[PDB]
Structure formats: C-alpha cells, structure tokens
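Data block below; observations after.
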Amino acid sequence: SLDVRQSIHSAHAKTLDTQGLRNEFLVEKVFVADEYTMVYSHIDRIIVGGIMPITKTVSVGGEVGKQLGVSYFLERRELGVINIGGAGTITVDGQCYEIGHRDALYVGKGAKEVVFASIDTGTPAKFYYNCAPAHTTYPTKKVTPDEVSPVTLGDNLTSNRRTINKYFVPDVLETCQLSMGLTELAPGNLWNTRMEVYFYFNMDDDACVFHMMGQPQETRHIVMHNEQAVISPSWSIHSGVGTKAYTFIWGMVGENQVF
Numbered sequence: 368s369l370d371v372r373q374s375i376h377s378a379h380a381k382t383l384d385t386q387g388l389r390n391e392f393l394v395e396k397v398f399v400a401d402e403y404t405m406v407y408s409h410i411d412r413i414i415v416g417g418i419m420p421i422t423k424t425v426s427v428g429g430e431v432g433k434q435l436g437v438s439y440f441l442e443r444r445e446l447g448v449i450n451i452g453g454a455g456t457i458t459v460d461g462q463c464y465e466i467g468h469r470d471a472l473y474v475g476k477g478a479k480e481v482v483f484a485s486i487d488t489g490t491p492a493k494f495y496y497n498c499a500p501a502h503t504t505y506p507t508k509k510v511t512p513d514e515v516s517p518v519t520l521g522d523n524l525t526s527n528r529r530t531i532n533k534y535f536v537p538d539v540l541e542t543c544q545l546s547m548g549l550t551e552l553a554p555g556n557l558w559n560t561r562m563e564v565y566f567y568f569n570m571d572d573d574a575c576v577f578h579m580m581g582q583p584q585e586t587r588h589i590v591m592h593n594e595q596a597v598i599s600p601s602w603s604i605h606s607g608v609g610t611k612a613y614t615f616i617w618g619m620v621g622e623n624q625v626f
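Counted the way this note's numbering counts, the sequence shown spans residues 368 to 626.
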C-alpha cells in the first residue's frame, strides 16, 4: 500500500505516452485531510508526500518504518518539511515545534516519532516534505523565512523574476543529502529558468504549469495543477512555464548539495 515509483531508463521514458508519464513522475494528491501522502522513488530513494491535519493529528513513526523495513521512519533517514498552509505544529519525540506559514523543520536521523498538527481547522497546515537516506544524524532544526537569505533573480524581460528562498542548504544548517527551497515567481513572470523533486502550489485553481522534462533532445511536458509534485530523474531537464504566476518548492540529492 506504499506508492512506489521505480526509476526508468531515458529510452524507456521516451516512449511513454501522456498517462504513462503521469503515472511515473506525477504525484497527483499531496494533501489529503487527516492523512499523510507518501511516494517512494527508487531514484536515490527519496520519498515525497504531504500532511494536512484537520479534525485529527497525523503521525509518522513506527508503523511507517515497517513499510520501509526499519524500526521507525527516520531510523536511517532525514526529513525536510515546509509548511504551505496555516499555522501548525510538529512534535518530534515529545519536543513540540511551532511551524507557521512558510516555516520549516528539519528532523535528523534518530527521531522516533513525528506528530503533525494544525492550530486551527479553519485554515489547516499543509506540511510538504521530502525525505532522504541519512548516514549521520544532525540536529533537528526549525528554519523560518527570517534566517533564509532570499535571492532575487531573473528579469521581467525573460519573464523569470523570482525570489529563491533556500531553507535547507549548507549555509543554514547541516544535512546529509537533502537540499530544499522555496522559489516564488513575481507576478507577470511564468518561467522558472543530480535528481530533483518539484512541488507546485499557491496557484489559482484554473492555472497550471507545463513542466518540461526528458533528455535535452527528447523533451516532454507534464501538465501540473496546484499542489502537485514531479520526480525529475537525473538524466532529465526541469524547466516549467505557467499559465499564471506560481511558486514552488524544490528538493534534491545527488553528488554534492551544491545548488
């Protein structure tokens, strides 16, 4: 019952049709009320998902670890979380952390149980996470917009103009592999330009994004709507164009944590 995505060869992806590409790389539902979403990708074993607690609380720990063949979720992993929704809370082995909107939390190897909760069912928290294998444990850490050093790039000419906020990177804290960030395109702009995962949100219900993938010469696109994610394999490109402005979270692992 664990959504597993195998890694596919470029020659194999080349032949995939629309639905085929979607089944392999698209993560249709990231946020499901009072539950947790979880997609396991054999590409560097990154797992992706969302957690949106409303009338209940949501926990991940021992029972999840069973599915991965370990005592508990983070027995041999690090978790990267960014809250996209309303003010909420994340309790790591009893220690409670208040993570507001656009606030983040990194839970290192060792944490036995993580509990997600919203502090108001009216506008619930939308916890988006990326989880990667971890060989050493680093301290659990909360990262807020404040400590992030936003960088503004691109130009209205090329329709880039976006602010990149790096939450989890060497200069903010230490992690084994995981590197994650939040990039927001300045209204009027629609273009956003080693394996990566891209999560698209904060975009009107009618708007969408044409996510570019495939080898530089055999490119395909995956139409993406608000709050969905795509696995971008090592051999693929990852550009995207939107119908309207949008913002997205990126996460990656690979050879050197250098963004």
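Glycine is no exception: its CB is placed at the ideal position from the N, C-alpha and C atoms.
When rounded, the separation of the alpha-carbon atoms in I457 and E585 is 42 Å.
Beta-bridge partners of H578 (DSSP): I589, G607. Between the C-alpha atoms of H578 and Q386 there is a straight-line separation of about 14 Å. If you look at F566, you'll find it in the beta strand (DSSP E) that goes 562–568.
Separation of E541 and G475 (C-alpha to C-alpha, rounded to the nearest whole angstrom) is 10 Å. Residue range 429–435 is occupied by the alpha helix (DSSP H) that includes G429. Beyond the five residues adjoining it in sequence on each side, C498 comes within less than 6 Å, by CB distance, of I414, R444, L446 in the same chain, given in chain order. The shortest CA-to-CA distance from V510 to any of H502, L472, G489, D522 is the one to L472. Only exposed fits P517, as fewer than 16 other CB atoms lie within 10 angstroms of its CB.
Contact check for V431 against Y439 passes: the beta carbons are separated by less than 9 Å.
For the stretch 380–424, the full-length alpha helix (DSSP H) segments reaching 4 residues or more read 385–392 along the chain.
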